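As provided, query.csv (CSV, C-alpha atoms and all ligand atoms) reads as follows.
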```csv
chain,number,residue,atom,x,y,z
A,1,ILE,CA,115.3,114.0,113.3
A,2,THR,CA,114.7,117.8,113.6
A,3,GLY,CA,113.1,119.2,110.5
A,4,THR,CA,109.9,120.4,109.0
A,5,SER,CA,106.7,118.3,108.5
A,6,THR,CA,106.0,117.5,104.8
A,7,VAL,CA,103.6,115.4,102.8
A,8,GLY,CA,105.0,112.8,100.4
A,9,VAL,CA,103.2,110.5,98.0
A,10,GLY,CA,103.8,106.9,97.1
A,11,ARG,CA,102.4,103.5,96.3
A,12,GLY,CA,101.9,100.7,98.8
A,13,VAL,CA,102.5,96.9,98.4
A,14,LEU,CA,99.2,96.4,96.6
A,15,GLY,CA,99.8,99.2,94.1
A,16,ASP,CA,97.5,101.9,95.7
A,17,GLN,CA,98.6,105.5,95.9
A,18,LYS,CA,98.6,107.2,99.3
A,19,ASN,CA,99.9,110.4,100.9
A,20,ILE,CA,102.4,109.9,103.8
A,21,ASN,CA,103.6,112.3,106.5
A,22,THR,CA,107.3,112.9,106.2
A,23,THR,CA,110.0,115.2,107.6
A,24,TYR,CA,112.4,117.3,105.5
A,25,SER,CA,116.0,118.0,106.6
A,26,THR,CA,118.2,117.5,103.6
A,27,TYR,CA,116.4,114.2,102.8
A,28,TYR,CA,112.7,113.4,103.3
A,29,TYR,CA,112.4,110.9,106.1
A,30,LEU,CA,109.5,108.6,106.9
A,31,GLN,CA,108.9,110.5,110.1
A,32,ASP,CA,105.3,111.5,110.8
A,33,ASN,CA,105.2,114.4,113.3
A,34,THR,CA,101.4,114.7,113.2
A,35,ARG,CA,100.7,111.8,115.6
A,36,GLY,CA,101.9,111.8,119.2
A,37,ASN,CA,105.7,111.9,119.5
A,38,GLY,CA,106.0,110.6,116.0
A,39,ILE,CA,105.8,107.6,113.7
A,40,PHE,CA,109.2,106.5,112.4
A,41,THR,CA,109.8,103.9,109.7
A,42,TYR,CA,113.2,102.3,109.1
A,43,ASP,CA,115.0,100.3,106.4
A,44,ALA,CA,116.5,97.0,107.7
A,45,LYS,CA,118.1,96.5,104.3
A,46,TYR,CA,117.5,92.7,104.2
A,47,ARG,CA,119.5,92.3,107.4
A,48,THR,CA,118.4,91.5,111.0
A,49,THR,CA,120.1,94.3,112.9
A,50,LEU,CA,117.4,96.6,114.2
A,51,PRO,CA,116.1,99.2,113.7
A,52,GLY,CA,118.3,99.9,110.7
A,53,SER,CA,118.4,103.4,109.2
A,54,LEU,CA,115.5,105.9,109.4
A,55,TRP,CA,114.0,105.8,105.9
A,56,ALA,CA,115.5,108.6,103.8
A,57,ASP,CA,114.3,109.6,100.3
A,58,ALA,CA,115.7,112.3,98.0
A,59,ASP,CA,112.4,113.6,96.5
A,60,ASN,CA,109.5,112.8,98.7
A,61,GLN,CA,108.0,110.4,96.1
A,62,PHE,CA,107.8,106.8,97.1
A,63,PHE,CA,106.8,104.9,94.0
A,64,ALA,CA,109.7,102.4,93.7
A,65,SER,CA,109.1,98.8,94.4
A,66,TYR,CA,111.6,98.9,97.2
A,67,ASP,CA,109.6,101.7,98.8
A,68,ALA,CA,106.2,100.0,98.9
A,69,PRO,CA,106.6,98.1,102.2
A,70,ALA,CA,107.8,101.2,103.9
A,71,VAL,CA,104.9,103.3,102.6
A,72,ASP,CA,102.4,100.8,104.0
A,73,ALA,CA,104.1,100.2,107.4
A,74,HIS,CA,104.2,104.0,107.9
A,75,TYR,CA,100.7,104.7,106.7
A,76,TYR,CA,99.0,101.8,108.4
A,77,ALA,CA,100.8,102.6,111.7
A,78,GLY,CA,99.1,106.1,111.3
A,79,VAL,CA,95.7,104.5,110.8
A,80,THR,CA,96.2,102.3,113.9
A,81,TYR,CA,97.2,105.3,116.0
A,82,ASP,CA,94.1,107.1,114.8
A,83,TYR,CA,91.9,104.2,115.7
A,84,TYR,CA,93.2,103.9,119.3
A,85,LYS,CA,93.1,107.7,119.8
A,86,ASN,CA,89.7,108.4,118.2
A,87,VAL,CA,87.9,105.3,119.3
A,88,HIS,CA,89.5,104.5,122.7
A,89,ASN,CA,91.0,107.8,123.8
A,90,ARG,CA,94.4,106.0,123.9
A,91,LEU,CA,97.5,108.0,122.9
A,92,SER,CA,99.9,105.5,121.3
A,93,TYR,CA,100.7,102.1,122.6
A,94,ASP,CA,101.8,103.3,126.1
A,95,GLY,CA,99.0,105.8,126.5
A,96,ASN,CA,101.5,108.6,126.6
A,97,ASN,CA,102.2,109.1,122.9
A,98,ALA,CA,105.4,106.9,122.7
A,99,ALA,CA,107.1,107.2,119.4
A,100,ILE,CA,106.1,104.3,117.1
A,101,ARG,CA,108.9,102.6,115.3
A,102,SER,CA,108.8,100.1,112.4
A,103,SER,CA,111.4,98.4,110.3
A,104,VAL,CA,110.8,96.9,106.9
A,105,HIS,CA,112.9,94.7,104.6
A,106,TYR,CA,113.8,92.6,107.6
A,107,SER,CA,115.9,89.6,106.7
A,108,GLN,CA,115.5,87.7,103.4
A,109,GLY,CA,112.3,86.0,102.3
A,110,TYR,CA,111.0,86.4,105.8
A,111,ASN,CA,107.5,85.1,106.2
A,112,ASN,CA,106.5,86.9,109.4
A,113,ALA,CA,106.2,90.2,111.3
A,114,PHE,CA,106.5,90.9,115.0
A,115,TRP,CA,106.8,93.3,117.9
A,116,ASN,CA,110.3,92.8,119.4
A,117,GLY,CA,109.5,94.5,122.7
A,118,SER,CA,110.4,98.0,121.3
A,119,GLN,CA,109.3,98.2,117.7
A,120,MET,CA,107.4,96.5,114.8
A,121,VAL,CA,109.3,94.4,112.3
A,122,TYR,CA,108.1,93.3,108.9
A,123,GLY,CA,109.5,90.7,106.5
A,124,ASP,CA,109.1,90.9,102.8
A,125,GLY,CA,107.9,87.3,102.5
A,126,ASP,CA,109.3,84.8,100.1
A,127,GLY,CA,106.9,85.9,97.3
A,128,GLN,CA,105.0,82.6,97.5
A,129,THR,CA,103.8,82.3,101.1
A,130,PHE,CA,103.7,86.1,101.5
A,131,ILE,CA,104.2,89.4,99.9
A,132,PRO,CA,105.6,92.1,102.2
A,133,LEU,CA,103.5,91.8,105.3
A,134,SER,CA,103.0,95.5,106.0
A,135,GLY,CA,100.7,95.4,103.0
A,136,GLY,CA,98.0,94.1,105.4
A,137,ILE,CA,96.4,96.7,107.6
A,138,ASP,CA,95.1,94.0,109.9
A,139,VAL,CA,98.7,92.7,110.2
A,140,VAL,CA,100.1,96.1,111.0
A,141,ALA,CA,97.4,96.7,113.6
A,142,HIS,CA,97.9,93.2,115.0
A,143,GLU,CA,101.6,94.0,115.5
A,144,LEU,CA,101.0,97.4,117.2
A,145,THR,CA,98.3,95.8,119.3
A,146,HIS,CA,101.0,93.5,120.8
A,147,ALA,CA,102.6,96.7,122.1
A,148,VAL,CA,99.3,97.9,123.6
A,149,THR,CA,98.9,94.5,125.3
A,150,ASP,CA,102.4,94.5,126.6
A,151,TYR,CA,101.9,97.9,128.2
A,152,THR,CA,98.5,97.0,129.7
A,153,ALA,CA,97.4,93.4,130.5
A,154,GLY,CA,100.9,92.1,129.9
A,155,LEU,CA,99.6,88.6,128.8
A,156,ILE,CA,102.4,86.1,128.9
A,157,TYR,CA,103.1,84.8,125.4
A,158,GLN,CA,102.3,81.1,126.1
A,159,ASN,CA,99.4,78.7,126.6
A,160,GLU,CA,96.0,80.3,127.3
A,161,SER,CA,97.3,83.8,128.2
A,162,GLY,CA,99.3,83.8,125.0
A,163,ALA,CA,96.3,82.7,123.0
A,164,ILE,CA,94.4,85.6,124.5
A,165,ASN,CA,97.3,87.9,123.6
A,166,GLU,CA,97.1,86.7,120.0
A,167,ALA,CA,93.3,87.0,119.8
A,168,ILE,CA,93.5,90.6,121.2
A,169,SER,CA,95.8,91.4,118.3
A,170,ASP,CA,93.5,89.7,115.7
A,171,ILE,CA,90.4,91.4,117.2
A,172,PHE,CA,91.9,94.9,117.1
A,173,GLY,CA,93.7,94.2,113.8
A,174,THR,CA,90.2,93.5,112.4
A,175,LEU,CA,88.6,96.4,114.1
A,176,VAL,CA,91.3,98.7,112.6
A,177,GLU,CA,90.6,97.1,109.2
A,178,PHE,CA,86.9,97.9,109.6
A,179,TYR,CA,87.8,101.5,110.8
A,180,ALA,CA,89.8,102.1,107.5
A,181,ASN,CA,86.8,100.5,105.7
A,182,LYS,CA,88.7,99.2,102.6
A,183,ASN,CA,87.6,95.6,101.9
A,184,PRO,CA,87.1,94.8,105.6
A,185,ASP,CA,86.5,91.2,106.8
A,186,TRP,CA,86.9,88.9,109.7
A,187,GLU,CA,89.9,87.1,108.1
A,188,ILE,CA,93.5,87.8,109.1
A,189,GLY,CA,96.2,88.6,106.5
A,190,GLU,CA,94.3,87.9,103.3
A,191,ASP,CA,95.8,90.9,101.6
A,192,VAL,CA,99.4,89.6,101.9
A,193,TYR,CA,99.1,85.8,102.2
A,194,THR,CA,99.7,83.5,99.2
A,195,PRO,CA,99.6,85.8,96.2
A,196,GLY,CA,99.0,82.8,94.0
A,197,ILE,CA,95.9,81.6,95.8
A,198,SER,CA,92.7,83.7,96.0
A,199,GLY,CA,90.2,83.7,98.8
A,200,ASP,CA,92.4,82.3,101.6
A,201,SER,CA,94.0,83.9,104.6
A,202,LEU,CA,96.2,83.2,107.6
A,203,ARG,CA,93.3,82.7,110.1
A,204,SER,CA,89.6,83.2,110.1
A,205,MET,CA,87.8,84.7,113.1
A,206,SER,CA,84.4,83.8,111.7
A,207,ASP,CA,85.3,80.2,111.0
A,208,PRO,CA,88.7,79.4,112.6
A,209,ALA,CA,88.4,75.7,111.6
A,210,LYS,CA,88.7,76.7,107.9
A,211,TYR,CA,92.4,77.2,108.5
A,212,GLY,CA,92.8,74.4,111.0
A,213,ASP,CA,92.2,76.3,114.2
A,214,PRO,CA,89.8,75.3,117.0
A,215,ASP,CA,86.5,77.0,117.4
A,216,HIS,CA,85.5,75.4,120.8
A,217,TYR,CA,87.5,74.8,124.0
A,218,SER,CA,87.0,71.0,123.7
A,219,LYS,CA,89.3,71.3,120.5
A,220,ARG,CA,92.1,73.3,122.1
A,221,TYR,CA,95.7,72.4,121.4
A,222,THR,CA,97.7,71.5,124.5
A,223,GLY,CA,101.1,70.5,123.0
A,224,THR,CA,104.2,72.7,123.0
A,225,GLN,CA,104.5,73.9,119.4
A,226,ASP,CA,103.8,77.6,118.7
A,227,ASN,CA,104.4,78.6,122.4
A,228,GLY,CA,101.6,76.2,123.4
A,229,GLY,CA,99.4,77.0,120.5
A,230,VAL,CA,99.1,80.8,120.8
A,231,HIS,CA,98.2,81.2,117.1
A,232,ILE,CA,96.0,78.1,117.2
A,233,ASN,CA,93.9,78.4,120.4
A,234,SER,CA,93.4,82.1,119.6
A,235,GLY,CA,90.7,80.7,117.3
A,236,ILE,CA,88.5,79.9,120.3
A,237,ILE,CA,88.6,83.6,121.5
A,238,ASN,CA,88.4,85.0,118.0
A,239,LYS,CA,85.3,83.0,117.4
A,240,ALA,CA,83.7,84.3,120.6
A,241,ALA,CA,84.6,87.8,119.6
A,242,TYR,CA,83.1,87.3,116.2
A,243,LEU,CA,79.9,85.9,117.7
A,244,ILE,CA,79.6,88.9,120.2
A,245,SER,CA,79.8,91.3,117.3
A,246,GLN,CA,77.9,89.5,114.5
A,247,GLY,CA,75.8,86.9,116.3
A,248,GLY,CA,75.1,83.3,115.1
A,249,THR,CA,74.3,79.8,116.3
A,250,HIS,CA,77.4,77.8,117.0
A,251,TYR,CA,77.3,74.2,118.2
A,252,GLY,CA,73.7,74.8,118.9
A,253,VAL,CA,74.2,77.9,121.1
A,254,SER,CA,72.6,81.1,119.8
A,255,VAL,CA,74.3,84.5,120.2
A,256,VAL,CA,72.6,87.8,119.7
A,257,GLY,CA,75.1,90.1,118.0
A,258,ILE,CA,75.8,93.6,119.4
A,259,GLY,CA,78.1,95.0,116.7
A,260,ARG,CA,81.7,95.8,116.2
A,261,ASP,CA,81.8,99.0,118.2
A,262,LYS,CA,80.5,97.4,121.4
A,263,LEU,CA,82.8,94.4,120.9
A,264,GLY,CA,85.7,96.8,120.7
A,265,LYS,CA,84.6,98.8,123.8
A,266,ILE,CA,84.1,95.6,125.8
A,267,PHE,CA,87.5,94.0,124.9
A,268,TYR,CA,89.4,97.3,125.2
A,269,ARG,CA,88.1,97.7,128.7
A,270,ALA,CA,88.8,94.1,129.5
A,271,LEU,CA,92.4,94.4,128.2
A,272,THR,CA,93.1,97.6,130.1
A,273,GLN,CA,91.2,97.2,133.3
A,274,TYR,CA,90.8,93.5,134.1
A,275,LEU,CA,93.2,91.1,132.4
A,276,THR,CA,96.5,90.3,133.9
A,277,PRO,CA,99.7,88.6,132.7
A,278,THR,CA,98.4,85.1,133.7
A,279,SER,CA,94.7,85.4,132.7
A,280,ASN,CA,93.3,82.2,131.3
A,281,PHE,CA,90.2,81.8,129.1
A,282,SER,CA,87.8,81.5,132.0
A,283,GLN,CA,89.2,84.7,133.4
A,284,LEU,CA,88.9,86.4,130.1
A,285,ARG,CA,85.2,85.5,130.1
A,286,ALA,CA,84.8,87.0,133.6
A,287,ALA,CA,86.7,90.1,132.5
A,288,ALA,CA,84.5,90.6,129.4
A,289,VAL,CA,81.3,90.1,131.5
A,290,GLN,CA,82.5,92.6,134.0
A,291,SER,CA,83.5,95.1,131.3
A,292,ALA,CA,80.2,94.8,129.6
A,293,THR,CA,78.5,95.2,133.0
A,294,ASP,CA,80.4,98.5,133.6
A,295,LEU,CA,79.6,99.8,130.2
A,296,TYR,CA,76.0,98.7,129.6
A,297,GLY,CA,74.6,97.4,132.9
A,298,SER,CA,74.2,93.9,134.5
A,299,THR,CA,70.8,93.3,132.9
A,300,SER,CA,71.9,94.5,129.5
A,301,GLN,CA,71.7,92.6,126.2
A,302,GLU,CA,75.5,93.2,125.8
A,303,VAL,CA,76.2,91.2,129.0
A,304,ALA,CA,73.9,88.4,128.0
A,305,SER,CA,75.5,88.2,124.5
A,306,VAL,CA,79.0,88.0,126.0
A,307,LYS,CA,77.9,85.1,128.1
A,308,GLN,CA,76.2,83.4,125.1
A,309,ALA,CA,79.4,83.8,123.0
A,310,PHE,CA,81.6,82.2,125.6
A,311,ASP,CA,79.1,79.4,126.2
A,312,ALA,CA,79.1,78.8,122.4
A,313,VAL,CA,82.8,78.2,122.4
A,314,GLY,CA,82.8,76.1,125.6
A,315,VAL,CA,84.4,78.6,127.9
A,316,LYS,CA,82.9,78.9,131.4
A,401,LIG,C1,102.9,82.5,109.3
A,401,LIG,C2,103.0,83.5,110.5
A,401,LIG,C3,102.8,84.9,109.9
A,401,LIG,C4,101.8,83.2,111.4
A,401,LIG,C5,102.1,83.7,112.9
A,401,LIG,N1,102.3,85.1,113.0
A,401,LIG,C6,101.3,86.0,113.0
A,401,LIG,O1,100.1,85.7,112.9
A,401,LIG,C7,101.7,87.5,113.2
A,401,LIG,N2,103.0,87.7,113.8
A,401,LIG,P1,103.2,87.7,115.4
A,401,LIG,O2,102.0,87.0,116.1
A,401,LIG,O3,103.3,89.1,116.0
A,401,LIG,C8,104.7,86.7,115.7
A,401,LIG,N3,105.0,86.6,117.1
A,401,LIG,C9,106.3,86.4,117.4
A,401,LIG,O4,107.3,86.5,116.6
A,401,LIG,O5,106.5,86.1,118.7
A,401,LIG,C10,107.8,85.9,119.2
A,401,LIG,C11,108.5,87.0,119.9
A,401,LIG,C12,108.5,87.2,121.2
A,401,LIG,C13,109.2,88.3,121.8
A,401,LIG,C14,110.0,89.1,121.1
A,401,LIG,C15,110.1,88.9,119.7
A,401,LIG,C16,109.4,87.9,119.1
A,401,LIG,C17,103.2,83.0,113.6
A,401,LIG,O6,104.2,83.6,114.1
A,401,LIG,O7,103.1,81.7,113.7
A,402,CA,CA,111.9,108.9,95.9
A,403,CA,CA,90.3,92.7,104.0
A,404,CA,CA,91.4,91.1,107.3
A,405,CA,CA,96.1,84.3,99.0
A,406,KR,KR,98.6,102.5,119.3
A,407,KR,KR,98.8,88.8,111.6
A,408,ZN,ZN,100.7,88.1,117.1
```

Could you write out this file's structure as structure tokens?
Ligand SMILES: CC(C)C[C@H](NC(=O)CNP(=O)(O)CNC(=O)OCc1ccccc1)C(=O)O
Ligand SMILES: [Ca+2]
Ligand SMILES: [Ca+2]
Ligand SMILES: [Ca+2]
Ligand SMILES: [Ca+2]
Ligand SMILES: [Kr]
Ligand SMILES: [Kr]
Ligand SMILES: [Zn+2]
Amino acid sequence: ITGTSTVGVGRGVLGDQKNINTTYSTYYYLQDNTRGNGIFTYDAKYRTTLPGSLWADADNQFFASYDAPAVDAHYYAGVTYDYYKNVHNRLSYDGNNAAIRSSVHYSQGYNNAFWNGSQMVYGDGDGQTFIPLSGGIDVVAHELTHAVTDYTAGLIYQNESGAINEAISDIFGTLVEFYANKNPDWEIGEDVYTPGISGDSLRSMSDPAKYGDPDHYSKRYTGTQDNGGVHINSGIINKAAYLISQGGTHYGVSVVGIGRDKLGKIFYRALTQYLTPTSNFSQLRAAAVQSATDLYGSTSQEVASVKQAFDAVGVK
């Protein structure tokens, strides 16, 4: 909408207060004009018709329980935009400052979030499996990263390419969580998953097997559920990424860590310059090796560590 940029204040899903960029024109809308061509957050009103209505508020204060998922979807989309711009010199998901749209209060008791090809969509959860999923910065960044993937490598959402697609979203979701630097970890979704159970999460990158997912190619799933295991076999790539960053010895193979920043540079370059819609795990290894070679040199530690990490998870 046309209006003037304003600054509201509210509380997110976890009860934390934060400022949000809004737009005033009769109402205060969740429209952040400070980033690209805007970040826009919508109310889906417990229905499934998208996007719903641009979020309107009478007083620029967003402290109601109903407001909390919107506050966080809006704010964490901003953090994610900032990460891609400041760290990777990428302007929004398309690289040309496309408007970023999210809808919250999608459906009833909806235990998921997704990119629908055009926007992000967040359920509220059923209150037992999840609380509203936009409360997780890693989840928000995971979802927006699907848009980045779709505009770049275009990894098909099934089988190995789809597991790479998922892992890219978990990797950058985690790197955004570290960028914001509030309780960062290598787990996915811990802030919104199972409010009655402490210390768990949806997936672990450091130890995928803790939540049932493979950590070696010899344990990959090859059935048909979950689009051929895209959220399952992502554990193999997540583990490789974790080892590149943090190091470790895994199934007897030692990896010298190179840190999160270099992990992000290598995988961002692989995603945007080498991966294709049909890339498989072996092709991802080759893309990561080439990316690290471009950035750091063929004789570098970074190249050697990428190779060690993929060796450790059984990907040649
Ligand atoms: C319990 C769940 C939270 C776990 C998992 N989801 C995630 O980890 C995050 N959402 P996501 O990975 O973005 C969904 N992915 C998803 O819904 O993919 C289908 C689609 C394709 C094209 C258009 C619209 C939807 C899942 O879906 O099993
Ligand atoms: Ca209000
Ligand atoms: Ca965390
Ligand atoms: Ca996390
Ligand atoms: Ca929990
Ligand atoms: Kr982005
Ligand atoms: Kr997620
Ligand atoms: Zn995903």

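Of the residues under consideration (A:210, A:88, A:285, A:231), A:285 shows the shortest atom-to-atom contact distance to residue A:244 when counting all atoms listed in the file.
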
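One distance worth recording is that between atom CA of residue A:59 and atom CA of residue A:76, which is 21.5 Å.
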
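Restricting the calculation to only C-alpha atoms and all ligand atoms, the smallest distance between ligand CA 405 (chain A) and any of A:170, A:43, A:72, A:190 is found for A:190.
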
Task: Contacts of residue A:45 at 8 Å (all atoms listed in the file; same-chain gap of 2+ positions) as an MDAnalysis selection string - done: chainID A and resid 43 47 52 104:107

TODO: Find the spatial neighbours of residue A:24, counting all atoms listed in the file, within a cut-off of 7 Å - ignore same-chain residues fewer than 6 positions away - and output them as a VMD selection string.
DONE: chain A and resid 3 to 6

Task: Test item: residues no farther than 9 Å from ligand CA 405 (chain A), counting all atoms listed in the file, as a ChimeraX atom specification - done: /A:129-130,189-202

Find the residues of chain A that sit at most 12 Å from ligand CA 404 (chain A); for each, write down the nearest two atoms and how far apart they are in Å, to one decimal. Count all atoms listed in the file. Sort by chain, then by number going up, and give it as JSON lines.
```
{"residue": "A:135", "atom": "CA", "partner": "A:CA404", "partner_atom": "CA", "distance": 11.1}
{"residue": "A:136", "atom": "CA", "partner": "A:CA404", "partner_atom": "CA", "distance": 7.5}
{"residue": "A:137", "atom": "CA", "partner": "A:CA404", "partner_atom": "CA", "distance": 7.5}
{"residue": "A:138", "atom": "CA", "partner": "A:CA404", "partner_atom": "CA", "distance": 5.4}
{"residue": "A:139", "atom": "CA", "partner": "A:CA404", "partner_atom": "CA", "distance": 8.0}
{"residue": "A:140", "atom": "CA", "partner": "A:CA404", "partner_atom": "CA", "distance": 10.7}
{"residue": "A:141", "atom": "CA", "partner": "A:CA404", "partner_atom": "CA", "distance": 10.3}
{"residue": "A:142", "atom": "CA", "partner": "A:CA404", "partner_atom": "CA", "distance": 10.3}
{"residue": "A:169", "atom": "CA", "partner": "A:CA404", "partner_atom": "CA", "distance": 11.9}
{"residue": "A:170", "atom": "CA", "partner": "A:CA404", "partner_atom": "CA", "distance": 8.8}
{"residue": "A:171", "atom": "CA", "partner": "A:CA404", "partner_atom": "CA", "distance": 10.0}
{"residue": "A:172", "atom": "CA", "partner": "A:CA404", "partner_atom": "CA", "distance": 10.5}
{"residue": "A:173", "atom": "CA", "partner": "A:CA404", "partner_atom": "CA", "distance": 7.6}
{"residue": "A:174", "atom": "CA", "partner": "A:CA404", "partner_atom": "CA", "distance": 5.8}
{"residue": "A:175", "atom": "CA", "partner": "A:CA404", "partner_atom": "CA", "distance": 9.1}
{"residue": "A:176", "atom": "CA", "partner": "A:CA404", "partner_atom": "CA", "distance": 9.3}
{"residue": "A:177", "atom": "CA", "partner": "A:CA404", "partner_atom": "CA", "distance": 6.3}
{"residue": "A:178", "atom": "CA", "partner": "A:CA404", "partner_atom": "CA", "distance": 8.5}
{"residue": "A:179", "atom": "CA", "partner": "A:CA404", "partner_atom": "CA", "distance": 11.5}
{"residue": "A:180", "atom": "CA", "partner": "A:CA404", "partner_atom": "CA", "distance": 11.1}
{"residue": "A:181", "atom": "CA", "partner": "A:CA404", "partner_atom": "CA", "distance": 10.6}
{"residue": "A:182", "atom": "CA", "partner": "A:CA404", "partner_atom": "CA", "distance": 9.7}
{"residue": "A:183", "atom": "CA", "partner": "A:CA404", "partner_atom": "CA", "distance": 8.0}
{"residue": "A:184", "atom": "CA", "partner": "A:CA404", "partner_atom": "CA", "distance": 5.9}
{"residue": "A:185", "atom": "CA", "partner": "A:CA404", "partner_atom": "CA", "distance": 4.9}
{"residue": "A:186", "atom": "CA", "partner": "A:CA404", "partner_atom": "CA", "distance": 5.6}
{"residue": "A:187", "atom": "CA", "partner": "A:CA404", "partner_atom": "CA", "distance": 4.3}
{"residue": "A:188", "atom": "CA", "partner": "A:CA404", "partner_atom": "CA", "distance": 4.3}
{"residue": "A:189", "atom": "CA", "partner": "A:CA404", "partner_atom": "CA", "distance": 5.5}
{"residue": "A:190", "atom": "CA", "partner": "A:CA404", "partner_atom": "CA", "distance": 5.9}
{"residue": "A:191", "atom": "CA", "partner": "A:CA404", "partner_atom": "CA", "distance": 7.2}
{"residue": "A:192", "atom": "CA", "partner": "A:CA404", "partner_atom": "CA", "distance": 9.8}
{"residue": "A:193", "atom": "CA", "partner": "A:CA404", "partner_atom": "CA", "distance": 10.6}
{"residue": "A:199", "atom": "CA", "partner": "A:CA404", "partner_atom": "CA", "distance": 11.3}
{"residue": "A:200", "atom": "CA", "partner": "A:CA404", "partner_atom": "CA", "distance": 10.5}
{"residue": "A:201", "atom": "CA", "partner": "A:CA404", "partner_atom": "CA", "distance": 8.1}
{"residue": "A:202", "atom": "CA", "partner": "A:CA404", "partner_atom": "CA", "distance": 9.2}
{"residue": "A:203", "atom": "CA", "partner": "A:CA404", "partner_atom": "CA", "distance": 9.1}
{"residue": "A:204", "atom": "CA", "partner": "A:CA404", "partner_atom": "CA", "distance": 8.6}
{"residue": "A:205", "atom": "CA", "partner": "A:CA404", "partner_atom": "CA", "distance": 9.4}
{"residue": "A:206", "atom": "CA", "partner": "A:CA404", "partner_atom": "CA", "distance": 11.0}
```

Enumerate, in order of chain and increasing residue number, the residues of stretch 118-211 of chain A with an atom no farther than 6 Å from stretch 273-280 of chain A, each with its shortest atom pair and distance in Å to one decimal, counting only C-alpha atoms, as a tab-separated table.
```
residue	atom	partner	partner_atom	distance
A:153	CA	A:276	CA	4.7
A:154	CA	A:277	CA	4.6
A:155	CA	A:277	CA	3.9
A:156	CA	A:277	CA	5.3
A:160	CA	A:280	CA	5.2
A:161	CA	A:280	CA	5.3
```

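For residue A:222, the set of protein, DNA and RNA residues having any atom at most 9 Å away, when counting all atoms listed in the file and skipping those fewer than 4 positions along the same chain, is residues 159, 228, 229 and 233 of chain A.
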
Selection: 6 Å around stretch 214-221 of chain A, all atoms listed in the file, excl. self and same-chain fewer than 3 positions, as a PDB file with C-alpha atoms, keeping the file's coordinate frame:
```
ATOM      1  CA  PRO A 208      88.700  79.400 112.600  1.00  0.00           C
ATOM      2  CA  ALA A 209      88.400  75.700 111.600  1.00  0.00           C
ATOM      3  CA  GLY A 229      99.400  77.000 120.500  1.00  0.00           C
ATOM      4  CA  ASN A 233      93.900  78.400 120.400  1.00  0.00           C
ATOM      5  CA  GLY A 235      90.700  80.700 117.300  1.00  0.00           C
ATOM      6  CA  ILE A 236      88.500  79.900 120.300  1.00  0.00           C
ATOM      7  CA  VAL A 313      82.800  78.200 122.400  1.00  0.00           C
ATOM      8  CA  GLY A 314      82.800  76.100 125.600  1.00  0.00           C
TER       9      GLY A 314
END
```

TODO: Name the residues in contact with residue A:157 at a cut-off of 8 Å, using all atoms listed in the file, excluding same-chain residues fewer than 3 positions from it; report them as a ChimeraX atom specification.
DONE: /A:161-163,165,227,230

- [ ] Check every protein, DNA and RNA residue against ligand CA 402 (chain A), keep those with an atom at most 12 Å away (counting only C-alpha atoms and all ligand atoms), and present them as an NGL selection string.
- [x] :A and (8-11 or 22 or 27-30 or 55-68 or 70-71)

Please rebuild stretch 256-266 of chain A with N, CA and C atoms and return the result as a short mmCIF file (atom, residue, chain, number, x, y, z; two decimals), in the coordinates of the input.
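Contents of rebuild_35.cif, freshly written:
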```
data_model
loop_
_atom_site.label_atom_id
_atom_site.label_comp_id
_atom_site.auth_asym_id
_atom_site.auth_seq_id
_atom_site.Cartn_x
_atom_site.Cartn_y
_atom_site.Cartn_z
N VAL A 256 73.13 86.60 120.25
CA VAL A 256 72.60 87.80 119.70
C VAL A 256 73.76 88.83 119.49
N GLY A 257 74.05 89.21 118.25
CA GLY A 257 75.10 90.10 118.00
C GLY A 257 74.85 91.53 118.50
N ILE A 258 75.91 92.22 118.93
CA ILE A 258 75.80 93.60 119.40
C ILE A 258 76.59 94.59 118.60
N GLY A 259 77.33 94.13 117.59
CA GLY A 259 78.10 95.00 116.70
C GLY A 259 79.52 95.21 117.08
N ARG A 260 80.29 95.66 116.08
CA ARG A 260 81.70 95.80 116.20
C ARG A 260 82.12 96.81 117.25
N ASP A 261 81.42 97.94 117.29
CA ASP A 261 81.80 99.00 118.20
C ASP A 261 81.74 98.60 119.62
N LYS A 262 80.65 97.92 119.99
CA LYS A 262 80.50 97.40 121.40
C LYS A 262 81.50 96.30 121.66
N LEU A 263 81.75 95.42 120.69
CA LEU A 263 82.80 94.40 120.90
C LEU A 263 84.11 95.12 121.25
N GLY A 264 84.49 96.14 120.47
CA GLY A 264 85.70 96.80 120.70
C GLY A 264 85.78 97.51 122.07
N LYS A 265 84.65 98.12 122.48
CA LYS A 265 84.60 98.80 123.80
C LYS A 265 84.79 97.73 124.92
N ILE A 266 84.08 96.60 124.80
CA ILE A 266 84.10 95.60 125.80
C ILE A 266 85.54 95.00 125.95
#
```
